[PDB]
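Next come the chains, spelled out residue by residue.
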Amino acid sequence: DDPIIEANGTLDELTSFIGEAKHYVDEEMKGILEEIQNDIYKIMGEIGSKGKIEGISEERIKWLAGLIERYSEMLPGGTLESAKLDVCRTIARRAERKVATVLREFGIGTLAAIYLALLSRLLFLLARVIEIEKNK
Amino acid sequence: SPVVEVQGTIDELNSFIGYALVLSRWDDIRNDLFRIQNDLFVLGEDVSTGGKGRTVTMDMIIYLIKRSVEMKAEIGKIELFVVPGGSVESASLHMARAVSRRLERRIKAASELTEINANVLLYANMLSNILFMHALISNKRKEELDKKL
């Protein structure tokens, strides 16, 4: 129960920080972050229910992979928005660690762990893309 | 050693996947199975060496996930409590999936005694899922061919 509580709390922190950071990005990245928040809500629903409630699907992971591929062609906190995204990335890494702990303890959350790894990669890429576009 | 048991189960799963590939009649399924055999070599190297050598990358997991998404789109709604069998291709794929589940159990047992990268277990889970999808695709295509006549 303790790993479940810690993972859900870390995911709540991650989605709160993403909700804070989405007000500094453009409309496209704001919509991407809102979809990410919805996916985090699904992951929290699955983890808090110990897998009884269905969580995210592989389609969301494919969506994250497509975003990573699209943005991969293009000190933390080069800009303020980049700093917000870097903070979100660190919290996403911590949430990934917590979900990995949950998966070992209960066997639920493989797709969630994959999604969180891809999410940390995407947050890093989005911060770098914001820095590049603002510099350009 | 638990790693020895994991490696033996990997070899058995590789044999079963090779048999299913021989029985398979579709290019995409056979390409997936051959890539899975190569990734099983990679995963065995990752487990045996503890990560010093080649390791299971996120790219392989993402490839499995993309193939699973495409096959889910092709299949449509999936019914619960599927009886394994139907055709020799689907039966071999179900046997390979059962061996893959056994490999997942062996990896979970071994991780409690030694350090194993999480990507290994993630890939094993995705491999079981993709083998289930392969079996469903084989059954669906066989049924379509039978309905053609």
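That block above? That's the structure.
Residues numbered from 1 in each chain as written, not as in the entry; some residues may be left out. Chains lettered and ligands numbered in written order. Heavy atoms only, no water.

So, about the overall build of chain A. Looking only at helices and strands, chain A has 5 helices and 0 strands in total. Radius of gyration (C-alpha) of chain A: 15 Å, near the 14 Å computed for a compact globule of 136 residues. With respect to the principal axes defined by its C-alpha atoms, chain A has extents near 45 × 25 × 20 Å. Among the 136 residues that make up chain A, the fraction classed as buried is 50%. Roughly 6800 Å² of accessible area belongs to chain A as shown, and the carbon and sulfur atoms make up 50% of that amount. Distance between charge centroids for chain A: 3 Å, based on 19 positive and 24 negative side chains. (Helix = DSSP H or I, 4+ residues; strand = E, 2+ residues; numbered from the N terminus. Rg over C-alpha atoms; globule rule 2.2 N^0.38 Å. Buried < 20%, exposed > 50% of the residue type's maximum accessible area, 1.4 Å probe, protein only. Areas by Shrake-Rupley, 256 points an atom, 1.4 Å probe, with all protein chains shown as cover. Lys, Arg positive; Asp, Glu negative; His and termini not counted. Charge placed at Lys NZ, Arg CZ, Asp CG, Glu CD.)

Next up on the list: the environment of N129(B). Along the chain, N129(B) falls in helix 5 (residues 118-148). Remark: the alpha-carbon pair of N129(B) and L64(B), spanning 65 residues in sequence, is separated by 8.8 Å. In this view, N129(B) contacts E58(A), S68(B) and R97(B); residues no more than four positions away in its chain are not counted. (Contact = heavy atoms within 4.5 Å.)

Residue and element names in this part refer to chain A. Contact geometry for helix 2 (residues 27-48) and helix 5 (residues 110-135): axes closest at 12 Å, N-to-C directions at 160°. Classified by the angle their axes make, helix 2 and helix 5 are roughly antiparallel. Relative to helix 5, the crossing made by helix 2 is left-handed. Residues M29, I32, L33, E35, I36, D39, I40 and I43 of helix 2 form the contact with helix 5, whose participating residues are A112, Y115, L116, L119, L122, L123, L126, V129 and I130. By residue class, the composition of the contact of helix 2 with helix 5 is 15 nonpolar, no polar and 2 charged. (Axes fitted to C-alpha atoms, helices over the stretch in contact; angles between N-to-C directions. Parallel < 35°, antiparallel > 145°, perpendicular 65-115°, else oblique. Left-handed = near helix turned anticlockwise from the far one by under 90°. Nonpolar A, V, L, I, M, F, W, Y, C, P; charged D, E, K, R; others polar.)

On the side of chain B, 15 residues touch chain A, which itself brings 15 residues to the contact. For the pairing of chain A and chain B, the buried interface totals around 1200 Å² over both sides, and the portion due to carbon and sulfur atoms is 69%. Summed over the three residues of chain A that lose the most area to chain B, namely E58(A), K62(A) and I114(A), the buried surface amounts to 41% of that side. At the boundary of chain A with chain B, the tally comes to 5 residue pairs in polar contact. Here the side of chain A that touches chain B is built from residues that sort into 8 nonpolar, 2 polar and 5 charged. (Buried area = accessible area lost by both parts, 1.4 Å probe. Polar contact = N/O pair within 3.5 Å; in protein donor to acceptor, adjacent residues only side chain to side chain.)

Another aspect to go through is the pattern of salt bridges. Residues and elements named next belong to chain A. The final tally for this structure, using the stated rule, is 25 salt bridges over all chains. A salt bridge links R94 to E13; the shortest N-O distance between them is 2.8 Å. Look at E13 and you get partly exposed, because its relative accessible area is 35%. With its nearest N and O atoms 3.6 Å apart, the salt bridge here joins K134 to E81. Taken as a pair, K134 in helix 5 and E81 in helix 4 (residues 80-106) lie far apart in primary sequence, 53 residues in all. A residue is classified by how much of its surface remains accessible, and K134, at 55% relative accessible area, is exposed. (Salt bridge = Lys/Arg side-chain N within 4 Å of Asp/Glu carboxyl O.)

Once rolled over the atoms, a probe with the size of a water molecule shows which space is left empty. Approximately 880 Å³ is the volume attributed to the largest pocket. What lines the largest pocket is a set of 25 residues, and nearest its centre among them are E54(A), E58(A), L111(A), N129(B) and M133(B). It is helix 5 of chain B that contributes the most residues to the lining of the largest pocket, 6 residues altogether. Its residues assigned to classes, the lining of the largest pocket shows 9 nonpolar, 9 polar and 7 charged. A volume near 730 Å³ is recorded for the second largest pocket. Elements with a minimum of two residues in the lining of the second largest pocket: helix 4 and helix 5 of chain A together with helix 4 (88-111) and helix 5 of chain B. At 8 residues, helix 4 of chain A tops the list of elements feeding residues into the lining of the second largest pocket. (1 Å grid on protein atoms, 1.4 Å probe; cavity = no way out; pocket = protein on both sides within 12 Å on 5 of 7 lines; lining within 4 Å. Points joined across faces, edges and corners; volume = space filled by probe spheres on them.)

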